[PDB]
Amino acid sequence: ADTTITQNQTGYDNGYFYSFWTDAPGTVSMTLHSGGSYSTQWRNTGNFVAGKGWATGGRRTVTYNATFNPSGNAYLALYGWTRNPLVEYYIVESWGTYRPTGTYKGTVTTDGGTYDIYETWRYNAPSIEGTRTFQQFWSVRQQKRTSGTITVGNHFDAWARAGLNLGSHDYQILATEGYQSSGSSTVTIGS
């Protein structure tokens, strides 16, 4: 009965927005469960990002619970996009074998944890507007965790103070992202 998604799509399930994107169709799937719940599983994937959340991001206080079992490079993060300026952003709660990094921008302490702030650039890569070159803003927890509250505003403000300006918000989801790895996850979001 639960809907399983395997091709690039955005839509709604049990009252929540969901997004699914991969450049390696057939290597990853996302299953939509009740309420704000979803699961994913992947094997020898290229790159994918999937999760439930909202069509329009903002300064929400997100609460979540998840089981994250990556076998290689993967992230568990609040993820989203903005336009004017075009920015892909991440609030990384947990990761696989690779901790995301970039140009160091300082730190932010929020929701009982300390996150390092980084900036990176993606060149000629897929984006919400197509193939573009754009900035990536990151808040990466110093210690992994798979449950808790994310006070999005605190991260947004810290980014702003570090010179990382966001534009008009597009979607925002508690995403599972994988890169050249295998694994699985189950995540439940709320606000």
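The first residue of the shown sequence is 1; numbering continues from there.
A summary of the deposited B-factors shows that, of 178-186 and 14-22, the stretch with the larger mean C-alpha value is 178-186. Mean C-alpha B-factor is higher over 124-132 than over the other stretch, the pair under comparison being 124-132 and 39-47.
Of all the options 74, 87, 91, 108, the entry's greatest CA B-factor is assigned to 108.
The PDB entry assigns the greatest CA B-factor among 60, 155, 33, 52 to 60. Split the chain's modelled residues into thirds by C-alpha temperature factor. Residue 97 is in the highest one. Among all modelled residues in its chain, residue 104 ranks in the highest third by Cα B-factor. The PDB entry assigns residue 9 a C-alpha temperature factor belonging to the highest third of its chain's modelled residues.
For residue 67, the recorded CA B-factor ranks within the middle third of the chain. Only modelled residues enter the ranking. Placement of the Cα temperature factor of residue 160 within the chain: middle third of the modelled residues, per the deposited record.
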